[PDB]
Structures are given as structure tokens and as C-alpha cells.
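For reference, the structure discussed in these notes is given below.
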Amino acid sequence: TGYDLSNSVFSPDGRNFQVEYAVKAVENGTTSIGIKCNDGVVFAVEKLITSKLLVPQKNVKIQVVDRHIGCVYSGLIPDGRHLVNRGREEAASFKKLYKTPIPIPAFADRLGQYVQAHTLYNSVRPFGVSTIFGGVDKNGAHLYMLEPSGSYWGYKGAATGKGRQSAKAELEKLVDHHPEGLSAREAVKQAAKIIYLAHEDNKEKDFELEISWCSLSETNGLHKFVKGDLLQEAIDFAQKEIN
Amino acid sequence: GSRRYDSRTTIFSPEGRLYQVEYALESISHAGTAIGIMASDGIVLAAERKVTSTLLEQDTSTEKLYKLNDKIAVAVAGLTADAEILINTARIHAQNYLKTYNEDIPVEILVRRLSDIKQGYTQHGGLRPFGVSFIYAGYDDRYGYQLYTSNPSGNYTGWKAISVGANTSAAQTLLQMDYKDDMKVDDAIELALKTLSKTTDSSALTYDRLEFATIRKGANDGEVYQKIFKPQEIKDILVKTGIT
Amino acid sequence: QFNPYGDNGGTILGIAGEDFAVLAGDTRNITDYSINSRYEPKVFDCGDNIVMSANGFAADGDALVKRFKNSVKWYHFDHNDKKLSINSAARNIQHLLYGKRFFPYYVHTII
Amino acid sequence: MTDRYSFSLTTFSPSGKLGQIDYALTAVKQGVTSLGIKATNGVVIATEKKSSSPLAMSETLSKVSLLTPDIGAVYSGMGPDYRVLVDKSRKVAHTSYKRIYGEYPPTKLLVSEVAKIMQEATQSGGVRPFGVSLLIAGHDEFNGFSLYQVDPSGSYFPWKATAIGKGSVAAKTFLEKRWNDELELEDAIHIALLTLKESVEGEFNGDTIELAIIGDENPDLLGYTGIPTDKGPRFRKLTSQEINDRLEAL
Amino acid sequence: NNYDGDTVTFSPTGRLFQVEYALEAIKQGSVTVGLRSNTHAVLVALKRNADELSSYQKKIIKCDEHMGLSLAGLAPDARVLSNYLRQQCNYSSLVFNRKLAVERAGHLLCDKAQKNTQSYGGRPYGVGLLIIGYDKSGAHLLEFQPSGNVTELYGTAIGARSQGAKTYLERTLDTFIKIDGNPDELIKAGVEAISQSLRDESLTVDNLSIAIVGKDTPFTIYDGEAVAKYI
Amino acid sequence: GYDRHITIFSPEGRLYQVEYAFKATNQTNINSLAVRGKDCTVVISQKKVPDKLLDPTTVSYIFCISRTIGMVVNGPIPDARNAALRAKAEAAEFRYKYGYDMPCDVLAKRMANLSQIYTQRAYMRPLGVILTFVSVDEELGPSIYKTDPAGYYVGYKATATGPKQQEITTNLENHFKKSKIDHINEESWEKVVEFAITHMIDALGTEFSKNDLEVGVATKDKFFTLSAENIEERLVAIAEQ
Amino acid sequence: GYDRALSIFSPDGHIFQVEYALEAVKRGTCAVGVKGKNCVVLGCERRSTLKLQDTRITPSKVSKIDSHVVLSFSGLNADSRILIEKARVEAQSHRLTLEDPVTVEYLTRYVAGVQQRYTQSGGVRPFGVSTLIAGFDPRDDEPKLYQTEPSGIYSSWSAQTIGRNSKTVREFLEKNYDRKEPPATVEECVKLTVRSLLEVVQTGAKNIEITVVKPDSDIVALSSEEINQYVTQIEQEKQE
Amino acid sequence: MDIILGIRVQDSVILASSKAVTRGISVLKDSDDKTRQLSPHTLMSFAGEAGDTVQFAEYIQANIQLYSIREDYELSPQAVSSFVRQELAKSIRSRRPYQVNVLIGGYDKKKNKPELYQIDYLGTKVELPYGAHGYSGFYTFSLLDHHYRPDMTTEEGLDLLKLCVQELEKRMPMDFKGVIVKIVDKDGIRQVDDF
Amino acid sequence: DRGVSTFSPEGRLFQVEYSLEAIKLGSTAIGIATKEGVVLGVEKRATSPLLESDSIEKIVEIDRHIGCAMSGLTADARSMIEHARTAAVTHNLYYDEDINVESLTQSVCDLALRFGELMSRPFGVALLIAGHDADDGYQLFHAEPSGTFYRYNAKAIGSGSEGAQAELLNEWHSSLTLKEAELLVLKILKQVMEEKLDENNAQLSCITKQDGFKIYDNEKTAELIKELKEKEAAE
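Protein chains in written order, with the working numbering: chain H, 1113 to 1355; chain F, 1177 to 1420; chain A, 3 to 113; chain P, 60 to 309; chain B, 407 to 637; chain E, 1210 to 1450; chain U, 38 to 277; chain Z, 204 to 398; chain C, 18 to 252.
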């Protein structure tokens, strides 16, 4: 056989094993989530505190695209940065020509088509990240999750990395008991909790919480990081809910 | 990446042989035999068709013998399609020479350039070599009548009589035996046919499995004529030399 | 039609003593009959004890001094922090200017 | 990204076979039977329209294609390969002939160009050979009527009559029995239909048989009048109705 | 094993073996320590000689007046990466009259190393770098690695037996983080860290390389006689 | 056998990568079906939203290529979108170059040619998708044209694609043997949609709620997809029948 | 274009494509060059499983590069034509720019550079050829003889041989060539050149070629007759 | 530059070319050889734009010498002339055209015929019994029309040339410092050492 | 087979490491650095006595102040020497000065690693680059196909190098005169040379600040050889 040694080769299953191997490196990664809310989206990630030498607050992983789109990912971090760089060129180009900032579904496909292009040839390796992203546009809020095959969908909430199942379990609960909506501020607390919860599947090292959000009311449709009193407030909320 | 699927067509064996050249020659050894014989007053080209079906259009076909210019022709043994690529190249090359110097191209110069193109495919580019050997028959005012062969290696040599394709070891023995230097074209014609008659893998040699051509001075005073024999003209020559 | 050059005026002057040297330049910057600035320096310390002024078209003058200051910085990197001698600076600048032989820096240069 | 396969995928094996040409020919052997017969006053090419689904409309799938007003093509083997070859074949008639001489190429030379394209897929980097054999029927003023077969190797041969694909061995034998050099076009059409009845399993009628001719000039098919020396295409596709007429008298 | 012939191939468990082998060259390389206070950042590097008759390989390279790094692994790869960084510092200066933020220098190295890990016929960089600088937001230390992973730290160490110094700094953290406005004391704590990674040999005078950058201190390298003070 | 990794011939004259690309076509476990009315062309595909976290509105395999052309894909979504964007680009270029809307069959041919190239050139893999193109063409009327990873294409009276495709196919052939005609003899698209769903139910042995389907309709001068409510209305009409 | 590194190092530090190119040289017809006091002689075996050969027109194994410089070779004939062309081109270019014909060392250095370049460029195999380049620098009466080989290494030789059984004829030249006393005339040198080939050749019939090069572009190819005398004189001086 | 002539007599071609090289109001040189031997039995004289003349001649010369070596054979004058014409015909539609006019005087050994070819910088070739480039022609053509005979000896050819040069020294405005004369016959190329 | 730019599991480039083996098969090259000059000496190793040994050019001038010796696949050196000379003259053109010995060496070693899938393989030759500049006086550099260059007080490369380096490790002290260093190179060569050392099969060269890079002709070397036996016999 040997169908898995080269990207873009179809196996007899109809599968591309290199993309499936890419997924393992993603599944190996730190946990990260995203939550759709009334008028925005919230993003959050687990950052393993490798050592005490890591300057706290200073290895930021959530990356902004344009002024209105947040992107977080689990897997090979350099691969993630590469994808955002591309995304930023796409939003720059789209704005340059059409004047309006790039709508989220529009942006979703730009990343989707690019990632998918890295499953088309054997001279490239597929991306080693699943990417949670989105924001606010002229039609409202949108959250997307994109995978190494280039597959993506719109999500009510999403998670990837080591704690994806614990995270997905907690996300399904939110979805069921809040069918009329969840406020942007609420989603920031819930996000904190779910990262603390999903950190159990990954708990040799203790971790640093990092949140961001775009809300049409709270941040005016722009991407800002959660800091100071609001960060600590959600850190405390999550600390309650683990005991 | 893609390296994994690369045959490496242009490398040496441990014995210093070009695999693909060796295998092209092995391919060429199953082709219809072609024979060139050079006389003091002209050149003969005779080639055997890959076994014809009764329904093939005999006269309108050209499988073996091609015209390069008015003064030069080639007999082919190998893949026909490969041969055609090289022939159109040779024809153009003869026209560039005429355009540049206002003189017909010297036979060797054309031969050398075709052999140089073949050579290239065995040294660079990673493509398969041309599965073709030519017998060149032609004339120019420096060396007169000339016969050459080239093969997939890009090597070329001159001949008084020579064969390519199938059974060339058998054919070269029979040519070596009966060829004389004083020989006239009409005897060379007879030799060519008698030689194919013996080496053929067919039960009998008939007109409809032959391509035949001569280059003589047999027109008007020191000017050269190429003759690609029609079916009937070969059929007559077959009877006059007593092979049918 | 676009004219890519201009004249920013001013004047410069250099003199060599036995163990010292000067490079003087007025600080006036003009175009046509207007003053742009009464104090716009055009004589620069370029490191390694070299001072330089490219007088004429200001945009070109700044471009050259910038590139020479960058040349000096790279000379240090590529040649183990060696000091750039005035003669070697002189020759370097010849190549900077002649590089644009067919669309010159309109400047009179003194180091 | 981009093509990094700049080496040949067809190479000589130690026996001197070209593996990929051999295997393309095997693809042609599997293909549905097609044939051509040359009469004194025209040429017929024919094949079976073996429909994939009955829900398919097999008239939207033309196995017999006009290349020029006086030249037509048919194949056995892989359909998609044929379809692009037809596209390239039509265009090369224009770029490398009609745009130069102001007339359509003669059959042997259009064939020669097609053969060239097919030879290049046998030696160029990063491609496989074309998995089809073509029968090209055509007319031109100085050569008259002609019929050519073109193989994956790039080779071509002129034929009085022949067949390719599935039942080609049997079909050629049957064509040898019947072919003479005094056949009138209608005689060749009749023979073509008989020969094609051999290698057709199910239904045999005007909707399952594709048949075109290179025959007389058709001014009624030209589209305009007034230039007396333009007299219209010699390539005509027989209609479903027309085929069935000859099946009653079969 | 079957999936280590190139950078463009993932293992069944989702690893990139050519990147891991690239990481291995750092492990073989001579040790280098980096650490910082609020006012300065220091690089200490152990230089390795070929034999008794050879110079000791340079480990520290200046990038701008305010930035520099130390290397462990393939030296030419560090030359390429440092050169690229020198250009990005340059570009920032000539275009924006702006000294390049150490954080951006980090991101730019990461993306440059990354291209080599995703495309055919290339190879990962075979070197590890520690970047110190003093920009508009104080003193910084960065750890680069040829996977692309850049890391901001108070202190760290890479190369042969680096684990010793890396634990010591982790112990010393609260002491050295506050050596503010003292150059010599940050250097000696760096020298102490590197000593945790020595075996059957200690710091001689042409063996040891130290660099410092800080508030009113250009990035400058101390070598030979000018490090005798610190052994 | 590296003849099983790239698109070169095997000893029996086959392209295994093309064959394995056909296998990927069914990974989504979705069946699609298209029929022609007198005035319209309807294309229905099953809709399956497994995870509860998904936004069900973004889960679609029907695409709006042009104003007049719609396309349903059977195969993985990344390849599906690659084919969608490309077809959109080609339909827009055609309109600009030639001054009329690209016909369904022509777009089908062009995409088929593109697919063919991947079967011949080694560096391009085939896309693991089957593309069913629908419109009411201005010359040919209601049209269905389908493309596969072989680069094959043909027009259909009606068609189906997916795992349970053979059942849907024979179900439709049975209807047309009986009905004796080329299409659904029905005035409005609403009743052609009902027919399409009704015969999908019979053939699959399953019922559908409004969220289990996704419907595309092409009339003269536009193609559009039905909302959940449009289908509910359609399903209710079927109920009382 | 085609990129592959065909010439690469193996774990033992050998480049197998260069070494296999040397095997092709081994299999090529023999060639020897011997330089006299006042001349250089080039001799070449001609393989003899071929009659019907038209030697009027078949490529001569010794080629003039310029009118004062000749090159012969052993190995692939096709490869040799490419080197000979570039060498001829460079010869004329050196005349055009330096206003002086090439020295023999320069011409050798160039041809050697070509061979070497083909040892470390992607998509090409090395030349399956070694050469003997011989002639006289302009306005210089001292004879020159150089060897090149597929790797690109080159050097000067008092006398030297390449190709099949060159080990045998090198053996002969090594004990029959006195450095202290080169063959003092053309006559003597030709004899030692033919004698050496006769260890390996066969009959000296259509089997030995000789070219003599004297100073000031004075090159003359010998003919059957003249060669044949040296052959008969060598054999009747053998009966001891 | 300015003056280059050629006369083809019975058994030779005779080329006369002025020795002066002038820039501004200075005769820089008075012994210039405006000729290159292309092959042993073919000579080319040249005139026109400074720099282009020599560069062209030497480029042509190099190509013919290469050909000779490659094929161990001398191109016929007709073939050299066609090669040169084509090179000039290329140059005229180039970015910066060669501004050089030439005369090619050659003895064809196969035909045993002398041949004179006149080619201008546009690549306009003609075979002539006598030819000239520049203002020279305006005097010499009519002079030769009257005095030239097809069967003249080489000595008579040189005397015909003396007539041409006398006339040019009488009526031409510029001082061209005499000519250098060269004969091309069956025995190759030689130069007359006083004229 | 497998990519030319592949890392081994030990973290080394296969193709580089293999080139290093090829260099070990090369003829011996030794250089020694003193306050009076740098000496460069080599084994000529003529493969047969019919080869004219003076045509074996393994010591080579780069500029007047920089010389170079080679060991390994010596044909691979031609382009390295050509780049070096170009770089040295070019630098002088841009800066009206002599290029530094280290800078020149850095320039040469930049070539080394630019191979892959640029040239197709690394160089199979090591170079001893010896010169003098005003900044750091006399210098000897060992330039490898890894793209790494080391400075040495003394160095041996080629087949006799492990034996020669151990010999150099004892014999070098920081006040060697030029004379002593010439004799030292001659002495260590004769030890590791398969055949017996004479003026024909070994070659000496030095570079001094005063007279620049000179290759010694066989007369002068034959006297240093005669000189060498006399010191040796007399202990």
C-alpha cells in the first residue's frame, strides 16, 4: 500500500491520510474554544505554563484579523500564524477593492479555500491546526471552525485541541439551556469556565487563561482582548464552578 | 514530494551504460528492418513494414521512408510518432541552413544536429529518449553520396551499407558478404531486396510490405533525383530481381 | 510634465587642517523665492568620525546620506566592527552615486 | 504548488516496452467498439452509444464529432480524453492551418497534428498517454476521401476499413470479408451497420447507434447562399430516423 | 521512521520528524543562557573549540543597536536568520524611523522558520536562538526554535546540558528579575546559571561570551580579556 | 505499485486515483436527486446535521453558481467549495467574454474538462466530488448535467447521486417507463418539488421533517434555494395527499 | 525545468554518477598521446567489429579545436561532440576578446570546468568522457598534452592513455618513456605512439589512427599507408 | 571610414579602402586597415558608424572561423555573403542597428570565379563587377562604367583603381589619406604594399 | 532515495556529512600560523610518474595578501577560488582597501550551504585559507562544506590529518619563526605521505605582510628538505 506517505493521494477508502495525520497534531494541541452570543462572539484558549520563566500575559495567541475578526487555533502554532497572515492579506485585498470590511462568511471561505489548496498537491503539507474564528459584520454575529482538510461550518459554539470533548460537552449544555440567547458578558464567564473545565484532560502543567471578544454593544463590533477587571471577574467565576 | 515517482531516465548504470538508451535499442530491435546501400552512382533505401493487414491503405501511407529535403531522405526503425517529431525538426533545420547560406545543407551537418538533439535527451531534462534509429541517405557537392545511421544515444556513423531494426546481425553479415565498392545502384537495389528476403520474419516478401526509395543522378546532368517508389514500382522491381 | 528635481538652495564648505577638518553648511532651505525652513540641518555625523553633506536637491541629499549611514552600519556587521576609513567611505560614495548615473542624485557632496 | 513532475511518466522497460502506451492500448481494448469504412464516393464512421443510465439523454453525448466541415472523428476508450482531444483538434486546425492558408487542413495533416499531441503526452513531463484510439474520416480536394486510425503512441495509419475497441478482432475479420474497392457510400453504410450488429448486446436502433458520413457537399447545411464556390460541409451526422430506415432494409 | 524523509510529511501520530531532527542539532550544540531584569537583558554563551589549536566559535551576533541573539546548532543557519533580522530592524528604521519591537522580531522569525517546515525540497533551520533587546516597552528575552515556536521569557537556556541552567534560573527567578540598574550583577547571575550546565570543565577567558543590552546600554559583546572580571 | 498513487495507467488500463476519488464522493453519506418540470428544474439533497453545536443554516451542499445555474455536490465539503468557487468564476468570465449567460451544459463541459486534466496530469489530484448542474436554459429548457472525477459528463432527464443512489435511480426509471415522457408534467415548481421529495421518500423508505432536506429550484431567469418554511409548506401539502 | 540532484554523495563519500561515468570511459576505444622533443602525437584505437564503415565521412576521433589545438577522447561519442562544440566556441571567443589564440592549458581548464559543472548541477548527468588535449601555445615551441576526466580534474602528462586497456598501454609507456629524453623527432615519437597501441590493438590495419601536431598550427593526419609502414617496421624489429 | 571600393576582374577581386580615421577636426590615424579576413579566400571591407564597423566585422569573422574549424571546410563567398546579409537584415529591426556597409571580395575555389558582393546596413545584397559604399560611388561607378572591361588582368584592375583613387583625391572634399589595396585570388589574400 | 537537504536523526545533514568522508580521502594539506607569516604546504600525490607534478595546482593565490590550499575533490574548488578572487578584488573596488581575511572566508562559506532541490550537492573539498590583514594580523582558516569556518594556529586536512593534527598539537608554540614553521610542515608531511617526500611531490608556500602570498619553487623547497634531514639526523 503506502497511501499515507504523500499528501493529496487518495487511499482506497477515499481518504487523504496526511490530512488525518494533521488532525492528530491538532488533537495533540492545547484547548481553545469560541462561543456565539446575541450580538457578538467570544474566544478563549488554554496556554500551558511550560515553566515559571514564561513571562505571564506576554505570549498572546489570539490573533486579530482586520479590526473586526478574532482567530484562535490549536495545533502547530507557526502553522496557525501562517494562516492568519494569509487571512490578513485576504481582508486587506477585499477591503482595498470593495471598500467595506470583509464579511465573516466571505472571510471564512478565503481561509477555507486556502487550507483546502494544501490538500491538492504532494509538494505541500496540510495545515496542522484547527482554527476557531469569527466576528461581527453587517448581518450580525458569526463563529466558524476550520479544519486541516479545509472543511468549515458555522457554529453556535466550538472547541478543538486536547479538551475538545469536555469542551463540546459543556458547550452543548449552554446551547440547550439558553435557546433564546446568551449575552456577550455571560459568554465571557462561560468561556472561562469551559477552559478551566476542559483543562482537566491536560493537567500536568497549570495554565494561563486568555479571552477575547467582538460584541456589537460591548466592543462596538471591534475585536478587543479581555483584560483587567473583566478578565479577573471571569477567572473568579470559573474558580467557583470547579468546586 | 514527486521525486518518489521519478524513473531517472538520464543516469548511468554501474557499468556506465544509459539504461533508457539500452532499452530503446531493445525496443528498436523489434521494428521492421530498414536497409541502406550506397553505390558509386546513387543510394538505395529499403524498409520492411510492420506486418500489414489486407485492409491498410497501401499507397497513401508512409511508415518508414521520409523526405528531409530534395537532397536527403531517412529510413526509420522504431516508434513512428517519435520519428515524425525529429523529422519535422530536421526539415526546419535544413531550411534554416538554406535561408542562412543560400546553399542546400551538407548531409553530415543535418545528421549531426539531429544526433545532438537525441544526445540531449540522454544527458539532461529527465525525459525518455526518442525510440528511433535513422538511416540517412543523401547527397551534397562535397562528399557526394553518403549514408549515415543515428540511434537513441545520439551516436552517428557513416556507411557503405547498413541495416537497422530487426535482424541487423543477420542482415549486416549478408551485406558484408556480397557488397562490392565498384557496385552500381541497380545491383545495390537487388542486394537490398535479396537481403530483406532472407532476414524477414515473414513467409514471403511481397510488394505490399515494402517501402523503397532511391537517390540517383538519373535525371539531367549533375542534378539529383529522389524516388519514393509507388506500390506498383516496387511490385515490378520485385519481379525483375526475381523475388516473386 | 512632471519634473523629478528641485533646488533647495543653501551652500556648504569643508576645510582640512593638519589634525582636524571642518564641514560647514547654512541651515536655510528654500524653493523658488520662499523659505521652507530657517533651521533644517544638512551636515551630518555619519559615524566613524565622518561628516557628510549632500547639497542641492534636498530629497536626493537625504536619500544619499541615509544610504551612506546604512552603508557604514553594514560595513561594521560584515567586516567585524572595523572602522570605515575616509578613503574607503569616499570610494563607497562614488559607487552609491554612480549607481544612479542615468538618473542622478542632484547633489554636490562633501565629506 | 505548481507542477513539479517535469520528468516522463512513460519510460522504456528492460524489454523495450513503453508500459504506459501498452496500458493505454489495454484501456482502448476495453472501450466500446467503433469502426470506419471507406467507399469510392465517401466514408462512414460508426459506434455504439452505450448509455450509462437510461435516465441519461445519450444525444447530449456525441461520440462522433465534426472537426472541420470535411473531417469527422470517432473513438474507442476513455470518453473524457476524446472530448478534450476533439477540442484541441478543432483549435489546431485553426491556429496552425486555417489562420495561415485561409482553408481547412487536409485530413492527413490534421491527423498528423492530432498524432503529435498524443505523442507529446507519451514523452512530456508529468502526464500519462491519452487512453483512446481515434478513427478520423475526412475529405480534401487533392487527396479525396481518407480514413485514419490514431493510437495512444501517436502512431497513425490509413485504412480502407477497420475497427477498434471491444470486438475489433471479430469486426476486422467481418470487414475483410465484405470490403471491395468499388463500394458505393450506401453499400459501406449497410456493411457498417451489419458489422456493428455483431458487437452490440441489447437494443440496436437509431437511438443507440451513432453514425456520421464524409460524403457529398451539403449546401442546405451551409447556412448562407450567394457564393457559388462555397458549397457546404461534407461531414453529415445521420439522424435517428435515417438510421432506422436502413435497419428495416438490413 | 517511514515519515522522516522530508519536512512535508506527517507521521501517523501527527509529528514532523525532520523538524524534530532539526531540534536535535540544538541539543548537540554548546550551551547558551539568556536572562533579563526590568532594565537590562544578558546573554551568556559557552563557546566550543575544534581542538586546542582552534578559535572558539562565535555564539552571539548583534542585530541592531538595541537587539541581538545567541545561537546553538548550525552556525550558518543563525547567520541567515540573524541577517534576515538585521534587515527587518533596518527596514523598520529607514521606513518608519522606528526601532523594531522585540515582540515583532519574534513573530517575523517564527514565520520565516515556518515556510521551511511546510514546503517541499526545503529543510527546517538547524539552530536555536535566544534574542535579547531593549525596545519601547523595556527589556526582553525571546527563545526561538526552528519549529517556528518563539517564546518570551524572563530567562532560559538552550543547547548541551541546558536543563541545569534552566532549572537554576527557575529557582533564581525572584532574585534576578529585580537586578534593576546594575549591569555587573545581572551578568554574574547569568554566569552562575551557565555554570549549572558545565561538566569536566569550567569557564576560561576565551571560552566565555557575554552580551548585554539595556536602558542606556547599546547591545555590545564582551570577549577575551574583558570577561576575566566575571569568571 | 506507484501506479496506484498518481494518475498513470495500471497494467489493466485503469486509473486507481480516479476510482478512489469516486469513493470519496459518498463520504458525506448524503443522497441527491434532480428532476425536470415543464417550466423548472428541481434538485433535492438530504440534509444531515449531526453535531448540535453546528449552525444548521451554514450546512449546505447546494450552491448558487450564477443567476440561472445551481449546483448540488455529492462529496466532501472542501472539494465541493473548491468546485463551487471555480464554477462561479468560470460562469462570470464567460458572461464577460461572450456577452451571454453561460449555459448549464457548457459549464458542465468546462468543469468536466478541468476534472479530466487532473486525471492526466500527475501533480493535480481529482476532486472527490460529483457536481450536478441545473437550470432552465434559454435554448434547451430545463436542464440537468452531471460531472464526476473521471471528467465524464452527460445530460439527464432526471438523476440521483450518493450511497442509496441506485434505489432512487430505478424508482425514477420506473416512473418514466409508466409516465411515457421526458419530465414531470406539472405546471408549478411547487408541485415538482413535491414529486421529487415524494419519490425520494418511497425509494429510501424514510420520512423527512423540514430540517432533513434542502431544496434547489431553477426557473427561467433565476435559481433559488428553499428555506425551512418553504419546505414545511411543501411537506404539509404532501401529508394531505 | 528538471531539477533532480543526479550527482550526489554516498555514505562512503563517493559520487556514483561520476564514478559510473568513468566506467563509460573504460569501455570507450583506447586513446594515447605522447609528446616528443618538438611535437605531440595523438593515437587512437578504432574498434574492429565493423567493416562497411565509410571512413570518408565517419567522425574522425581526433578533433581540431583551433588550428593549433587538437582534442581526442575515450567514452560516449555523443557526449564528446558537446564538449568539442563548446571548446571550439570558447576558442573563437578568446580570440575575439584577448586577440590571441588560447593556450592549451586554458582550453583544458575550460573543458575541465564544463565537465565539473555537470557534476553539481540539477537535472544533468556527468559527461561519460575523458579527453586528451594537445597542441602548442602561440609563439611557443614547447609541446603540451593534458588530460581531463568526468569529475573535472585535469593535469599535464609527458605521455598518457585513456579508455579500454589503457592500464595495459600506460604500463608500456611507463617503462618505455624516458622523461630525460623525449622522442627527439616526429619519426621517433610516432613509433613509440604506435608501439604502445600495439600492446592492446590487434593488427594495425583499419585499427590505429595517428595525428601529429607541430608548432605554429601545423597539424597533419596520417594515412593507412604511412601508419602501416610503422606497423611492419615495428613487427620485424620484434623478432628477437 | 568613408571610402571603400571593390573591382572584380578576370581572376581576382580587388578591394581598396581609405586609411583615414577622423573624429571632429582631427585625423586620429592615417594607416587604418578597414578589412578583416573572414576565411583564407574571402575578405570583407567595411565602413560606417564609429565602433559598430569593427565590432561587426570581428563578430562576422569569428562566426566564419568557427564554421571553418567545425566543418574543416571553407564556406563559398556566396554563402558567407548570405550569412552577412542576414545578420545585417536582423540588425536593422533591432533595438540599436549595426550601421555598417560592407564589400565582400572572395574567390570561390569550386567555381574558380572571383566574386564581389555589395551589402549595405539594411542588408541589401547585390553581386557586382564593381562596387562602392558612400559618396565614392557617385564618382567611381560612372568612371568604371566607362573604363571597366570584364576580362581585365589583375594588373589592369589595379590601374583601373589608380584612376578611381586619382579622381577621388581630385574631387572629394575630405582628405582620406590614400587607400590600402588587397587582392583576392585562387592563391588567397595579399596586400599591395605601396599605392 | 531521499531529499538532498534531509537531516539525519542525529540532527546532521546527510549530504554534508558524506562530503566530509570524501575530504578524508583527499591528499594532505597543512597550514601553520606565526607572527612572521603563515605557511601552507600540500601533498601533490601524482597518480602516476608520467604526470608532470608541477601541473598539480593545489596551493592557489586569492589576492596578494590571501592564499589558499585544498584537500578533497579538488575540481570542486575552482568555483570557490573564482568567487573568492572576485570577492577580494570587488571589495577593493568598492572600498579602496584590502579585504579582511575573515570576511573573505565568510564570503566563501556562504556558498557552501546553498545547494538542494542553487547547486545540486555540497562541495567535496575543504580549504585552508591563509592571509594577512592590518586588523588581526596573520590568520589561518579551515573552510568546510558545512558552511562553518574555524580559525587555527595550525591545521591539517585530508587523509593524514588525525595523525598530523596530533603532531601539530605538540609542535606549535606561539613564537615559531617562519623557518621553523616551514620545516615543521615539511616534517609532518613526510610522516603521513605514503611515498617519500621530495621537492616534486610536495609544495610549500607562505604569505608575509611584506611580500604577500608566494609559492616556493622546487629549488628553494629542495633546500628546505635537505635542511630538514640535517636537523633530524643530528639528534
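Even for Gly, the Cβ is constructed at its ideal location relative to N, Cα and C.
For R529(B), there is no enclosing beta strand (DSSP E), as DSSP marks it with neither H nor E.
The alpha helix (DSSP H) runs of length 4 or more contained entirely in the segment 1237 to 1298 of chain H are, from start to end of the chain, 1276 to 1288.
At a cut-off of 7 Å between beta carbons, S234(Z) makes no contact with chain F. Going by beta carbons, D140(P) and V191(P) fall inside the 7 Å limit. Put simply, the CB of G1177(F) is near chain H, with a gap under 7 Å to one of its CB atoms. Runs of the alpha helix (DSSP H) lying entirely within the segment 1377 to 1446 of chain E, each at least 4 residues long, are 1398 to 1413 in chain order. Against chain C, a Cβ distance below 7 Å from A221(U) picks out nothing, because the smallest value is about 18 Å. Per DSSP, reduced to three states, the secondary structure at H82(C) is coil, with no helix or strand assignment. Under the Cβ criterion of 7 Å, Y427(B) is counted among the residues facing chain C. For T1276(F), the residues of chain Z that pass the 7 Å Cβ criterion are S285, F286, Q289, in the order they occur in the chain.
When the Cα atoms are used, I1338(F) and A1347(F) turn out to be separated by approximately 8 Å. A Cβ-Cβ separation of about 28 Å leaves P300(Z) out of contact with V387(Z) under the 8 Å criterion. Around the CB of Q54(U), 16 or more other CB atoms lie within 10 Å, so the residue is classed as buried. Residues of the segment 486 to 502 of chain B whose Cβ lies closer than 8 Å to any Cβ of chain A, in chain order: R492, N496, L500.
Following the DSSP letters along the chain, one finds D483(B) inside the alpha helix (DSSP H) bounded by residues 481 to 502. Contacts with chain P (Cβ-Cβ distance below 7 Å) from the segment 1183 to 1198 of chain F involve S1183, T1185, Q1196, listed in chain order. Counted as a single uninterrupted DSSP element, the stretch harbouring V87(P) is not any beta strand (DSSP E) but the alpha helix (DSSP H) occupying residues 78 to 89. Classified as buried, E216(C) has 16 or more neighbouring CB atoms from the shown chains inside 10 Å of its CB. Excluding its 5 nearest sequence neighbours in each direction, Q1277(H) has C-beta neighbours in its own chain below 8 Å: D1313, listed in chain order. The C-beta distance from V437(B) to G565(B) rounds to 4 Å, short enough to meet the 8 Å contact threshold.
For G285(P), no CB of chain F lies under 7 Å from its own CB, so it is not counted at the interface with that chain.
The Cβ-Cβ distance between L477(B) and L548(B) does not fall below 7 Å. In the structure shown, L94(P) adopts extended strand secondary structure according to DSSP, grouped into three states. Residues of the segment 84 to 114 of chain C with a Cβ closer than 7 Å to any Cβ of chain A, in chain order: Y111, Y112, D113, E114. Around the Cβ of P376(Z), a 10 Å sphere holds fewer than 16 other Cβ atoms; the residue is exposed.
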